[PDB]
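query_5.csv, holding CSV, C-alpha atoms:
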chain,number,residue,atom,x,y,z
A,7,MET,CA,90.2,45.3,23.0
A,8,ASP,CA,87.5,45.1,25.7
A,9,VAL,CA,89.1,42.1,27.4
A,10,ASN,CA,92.6,43.7,27.2
A,11,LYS,CA,91.2,46.9,28.8
A,12,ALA,CA,89.6,44.8,31.5
A,13,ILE,CA,92.8,42.9,32.2
A,14,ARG,CA,94.9,46.1,32.6
A,15,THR,CA,92.2,47.5,34.9
A,16,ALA,CA,92.4,44.4,37.1
A,17,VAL,CA,96.2,44.6,37.2
A,18,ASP,CA,96.2,48.3,38.2
A,19,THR,CA,93.2,48.4,40.5
A,20,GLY,CA,93.0,44.9,41.8
A,21,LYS,CA,95.4,42.1,42.4
A,22,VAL,CA,96.7,39.9,39.6
A,23,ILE,CA,99.4,37.2,39.8
A,24,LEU,CA,101.6,37.2,36.7
A,25,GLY,CA,103.4,34.1,35.3
A,26,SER,CA,102.6,30.5,34.4
A,27,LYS,CA,104.5,29.1,37.3
A,28,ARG,CA,102.9,31.4,39.9
A,29,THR,CA,99.5,31.0,38.4
A,30,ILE,CA,99.7,27.2,38.7
A,31,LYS,CA,101.0,27.5,42.2
A,32,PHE,CA,98.1,29.7,43.4
A,33,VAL,CA,95.4,27.7,41.6
A,34,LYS,CA,96.9,24.4,43.0
A,35,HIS,CA,96.3,26.0,46.4
A,36,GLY,CA,92.7,26.8,45.4
A,37,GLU,CA,93.2,30.6,45.2
A,38,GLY,CA,92.0,32.8,42.4
A,39,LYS,CA,88.9,34.0,40.6
A,40,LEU,CA,89.9,33.8,36.9
A,41,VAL,CA,92.8,32.5,34.8
A,42,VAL,CA,93.8,34.1,31.5
A,43,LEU,CA,96.2,32.2,29.2
A,44,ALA,CA,98.3,33.6,26.3
A,45,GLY,CA,97.9,32.1,22.9
A,46,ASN,CA,101.4,30.7,22.8
A,47,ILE,CA,101.5,29.2,26.3
A,48,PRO,CA,103.3,25.8,26.3
A,49,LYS,CA,100.7,23.0,25.9
A,50,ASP,CA,101.8,21.2,29.1
A,51,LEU,CA,101.5,24.3,31.2
A,52,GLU,CA,98.1,25.0,29.6
A,53,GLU,CA,96.9,21.5,30.6
A,54,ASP,CA,98.3,21.8,34.1
A,55,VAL,CA,96.6,25.1,34.8
A,56,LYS,CA,93.3,23.9,33.3
A,57,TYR,CA,93.4,20.8,35.5
A,58,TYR,CA,94.0,22.6,38.7
A,59,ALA,CA,91.6,25.4,37.9
A,60,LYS,CA,88.9,22.8,37.2
A,61,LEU,CA,89.5,21.2,40.6
A,62,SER,CA,88.7,24.5,42.4
A,63,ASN,CA,86.1,25.6,39.9
A,64,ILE,CA,88.1,28.6,38.7
A,65,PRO,CA,87.2,29.7,35.2
A,66,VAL,CA,89.9,29.8,32.5
A,67,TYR,CA,89.8,32.3,29.6
A,68,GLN,CA,92.0,31.3,26.6
A,69,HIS,CA,93.3,34.5,25.0
A,70,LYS,CA,94.6,34.7,21.4
A,71,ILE,CA,97.4,37.3,22.0
A,72,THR,CA,101.0,36.2,22.6
A,73,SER,CA,102.7,36.0,26.0
A,74,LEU,CA,104.7,39.2,25.1
A,75,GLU,CA,101.5,40.9,24.0
A,76,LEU,CA,99.8,39.9,27.2
A,77,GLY,CA,102.7,41.2,29.2
A,78,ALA,CA,102.3,44.5,27.5
A,79,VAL,CA,98.6,44.6,28.2
A,80,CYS,CA,99.4,44.2,31.8
A,81,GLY,CA,101.8,47.1,31.4
A,82,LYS,CA,104.9,44.9,31.6
A,83,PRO,CA,108.0,44.7,29.3
A,84,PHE,CA,108.3,41.0,30.0
A,85,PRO,CA,106.2,38.0,28.7
A,86,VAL,CA,103.2,36.7,30.7
A,87,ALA,CA,102.0,33.2,29.5
A,88,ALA,CA,99.4,33.1,32.2
A,89,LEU,CA,97.9,35.3,34.9
A,90,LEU,CA,95.5,34.9,37.8
A,91,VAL,CA,93.0,37.4,39.0
A,92,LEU,CA,92.9,37.3,42.8
A,93,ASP,CA,90.9,40.5,42.9
A,94,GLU,CA,89.2,42.1,39.9
A,95,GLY,CA,89.4,45.5,41.5
A,96,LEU,CA,87.3,47.9,39.4
A,97,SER,CA,87.5,45.6,36.3
A,98,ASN,CA,84.5,44.0,34.7
A,99,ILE,CA,86.8,41.2,33.4
A,100,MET,CA,84.7,38.6,35.2
A,101,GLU,CA,81.6,39.6,33.4
A,102,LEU,CA,83.3,40.0,30.0
A,103,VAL,CA,84.6,36.4,30.3
A,104,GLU,CA,81.2,35.0,31.3
A,105,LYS,CA,79.8,35.8,27.9
A,106,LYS,CA,83.0,35.1,26.0
A,107,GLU,CA,82.2,34.7,22.3
B,7,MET,CA,109.9,3.5,24.8
B,8,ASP,CA,108.9,2.0,21.5
B,9,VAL,CA,107.8,5.3,20.0
B,10,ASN,CA,111.1,6.9,21.0
B,11,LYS,CA,113.1,4.0,19.5
B,12,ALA,CA,111.0,4.4,16.3
B,13,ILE,CA,111.6,8.1,16.1
B,14,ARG,CA,115.4,7.8,16.4
B,15,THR,CA,115.3,5.0,13.7
B,16,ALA,CA,113.5,7.3,11.3
B,17,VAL,CA,115.9,10.1,11.9
B,18,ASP,CA,118.9,7.9,11.4
B,19,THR,CA,117.7,5.7,8.6
B,20,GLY,CA,115.1,7.9,6.9
B,21,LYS,CA,114.4,11.6,6.5
B,22,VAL,CA,113.0,13.7,9.3
B,23,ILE,CA,112.6,17.4,9.4
B,24,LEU,CA,113.3,18.9,12.8
B,25,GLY,CA,111.7,22.1,14.2
B,26,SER,CA,108.3,23.6,14.6
B,27,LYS,CA,108.8,26.3,12.0
B,28,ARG,CA,110.2,23.9,9.4
B,29,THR,CA,107.5,21.3,10.2
B,30,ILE,CA,104.8,23.8,9.6
B,31,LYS,CA,106.4,25.0,6.4
B,32,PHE,CA,106.7,21.5,5.0
B,33,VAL,CA,103.1,20.5,6.0
B,34,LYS,CA,101.8,23.8,4.7
B,35,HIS,CA,103.2,22.7,1.3
B,36,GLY,CA,101.5,19.3,1.6
B,37,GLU,CA,104.7,17.3,2.3
B,38,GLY,CA,105.2,14.7,5.0
B,39,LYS,CA,103.9,11.4,6.3
B,40,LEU,CA,103.7,12.0,10.1
B,41,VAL,CA,104.0,14.8,12.6
B,42,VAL,CA,105.2,14.3,16.1
B,43,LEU,CA,104.7,17.1,18.7
B,44,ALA,CA,106.6,17.6,22.0
B,45,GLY,CA,104.5,18.0,25.2
B,46,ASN,CA,105.5,21.6,25.8
B,47,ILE,CA,105.0,22.9,22.3
B,48,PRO,CA,103.5,26.4,22.2
B,49,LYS,CA,99.7,26.1,21.8
B,50,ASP,CA,99.5,28.4,18.8
B,51,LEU,CA,102.2,26.4,16.9
B,52,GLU,CA,100.4,23.2,18.0
B,53,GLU,CA,97.1,24.5,16.5
B,54,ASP,CA,98.8,25.7,13.3
B,55,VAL,CA,100.5,22.3,12.8
B,56,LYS,CA,97.2,20.4,13.3
B,57,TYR,CA,95.4,22.7,11.0
B,58,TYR,CA,97.7,22.3,8.0
B,59,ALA,CA,98.4,18.6,8.7
B,60,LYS,CA,94.6,18.1,8.6
B,61,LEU,CA,94.4,19.8,5.2
B,62,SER,CA,96.8,17.3,3.6
B,63,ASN,CA,95.6,14.3,5.7
B,64,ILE,CA,98.9,14.0,7.5
B,65,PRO,CA,98.5,12.2,10.9
B,66,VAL,CA,99.7,14.0,14.0
B,67,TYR,CA,101.1,12.2,17.1
B,68,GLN,CA,101.1,14.2,20.3
B,69,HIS,CA,104.0,13.1,22.5
B,70,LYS,CA,104.3,13.7,26.2
B,71,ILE,CA,108.0,14.3,26.4
B,72,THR,CA,109.4,17.8,26.4
B,73,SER,CA,111.1,19.5,23.4
B,74,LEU,CA,114.5,19.1,24.9
B,75,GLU,CA,113.7,15.4,25.5
B,76,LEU,CA,112.5,14.9,22.0
B,77,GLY,CA,115.6,16.6,20.7
B,78,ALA,CA,117.7,14.0,22.6
B,79,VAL,CA,115.6,11.2,21.3
B,80,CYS,CA,116.5,12.5,17.8
B,81,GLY,CA,120.2,12.4,18.9
B,82,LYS,CA,120.4,16.2,19.1
B,83,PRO,CA,121.6,18.5,21.9
B,84,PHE,CA,119.0,21.1,21.0
B,85,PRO,CA,115.2,21.3,21.6
B,86,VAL,CA,112.7,20.0,19.0
B,87,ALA,CA,109.1,21.0,19.6
B,88,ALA,CA,107.9,19.3,16.5
B,89,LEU,CA,109.3,17.1,13.8
B,90,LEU,CA,108.0,15.8,10.4
B,91,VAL,CA,108.7,12.3,9.0
B,92,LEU,CA,109.4,12.7,5.3
B,93,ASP,CA,110.5,9.1,5.0
B,94,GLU,CA,110.2,6.5,7.8
B,95,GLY,CA,113.3,4.7,6.6
B,96,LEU,CA,113.5,1.4,8.5
B,97,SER,CA,111.4,2.6,11.3
B,98,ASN,CA,107.9,1.2,12.2
B,99,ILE,CA,106.9,4.6,13.6
B,100,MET,CA,103.9,4.8,11.2
B,101,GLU,CA,102.6,1.5,12.5
B,102,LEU,CA,103.2,2.4,16.2
B,103,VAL,CA,101.3,5.7,15.7
B,104,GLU,CA,98.4,3.9,14.1
B,105,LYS,CA,98.4,2.6,17.7

Structure re-expressed in structure tokens:
Amino acid sequence: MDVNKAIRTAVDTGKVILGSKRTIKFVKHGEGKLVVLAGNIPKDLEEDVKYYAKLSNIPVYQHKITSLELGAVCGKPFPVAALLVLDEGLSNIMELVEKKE
Amino acid sequence: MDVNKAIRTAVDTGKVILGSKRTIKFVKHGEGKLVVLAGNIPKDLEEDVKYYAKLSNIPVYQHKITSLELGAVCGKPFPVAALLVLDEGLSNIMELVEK
């Protein structure tokens, strides 16, 4: 609930890249502050994003909700298997993730 | 190479359940000898399979090829994200997996 609120806030007040393909592309280029993955993200994409994120020291938060659920959290009617926060805006998502438990 | 040949042999000469949903169903009921997962299997399904497989001591081999590729290895035109060997038939898949 807290994380989902933080994600929506980042999307509406900051800058968030939506989609697994786009997320990987941005992270590969070293851009981004935080990666959030849906619980049903394809394993290969999951490993790709974690590999590139690791290379640029970008944290990755593994969510439990589905890609369609994550899309809805972002206020979208389409699935989002992964997203990348470029700018957290007024969100506290960065801090929430830091003590993720 | 060898693994793919072994998988096709099991499908053709033995009994293999195709599909992530069916695989989980069978393993959840304690049936099966070996699970093979495609490289792009959804993470949640992957975790579910490994959880139930673990409960009935059923080995799980994580493949690198995609679901559509695995389907083709099985001689099918459709994607197969996971499969369950009920009977290896004439295949040596069990031995190969032991690695």

Practice item. Rounded to one decimal place, report the atom CA of residue A:59-atom CA of residue A:25 distance in Å. Key: 14.9 Å

Practice item. Tell me, as a ChimeraX atom specification, which residues lie within 9 Å of residue B:67, counting all atoms listed in the file; anything in the same chain fewer than 4 positions away does not count. Key: /B:40-43,103

Check your understanding: So how many Å separate atom CA of residue A:18 and atom CA of residue A:46, to one decimal?
Key -> 24.0 Å

Review point. Within 6 Å of chain A, which residues of chain B show up when using all atoms listed in the file, listed as a ChimeraX atom specification?
Key: /B:45-50

Practice item. Please provide as an NGL selection string all residues within 9 Å of stretch 60-66 of chain A, with the sequence filter that same-chain residues fewer than 6 positions apart are discarded (counting all atoms listed in the file). Key: :A and (33-43 or 103-104)
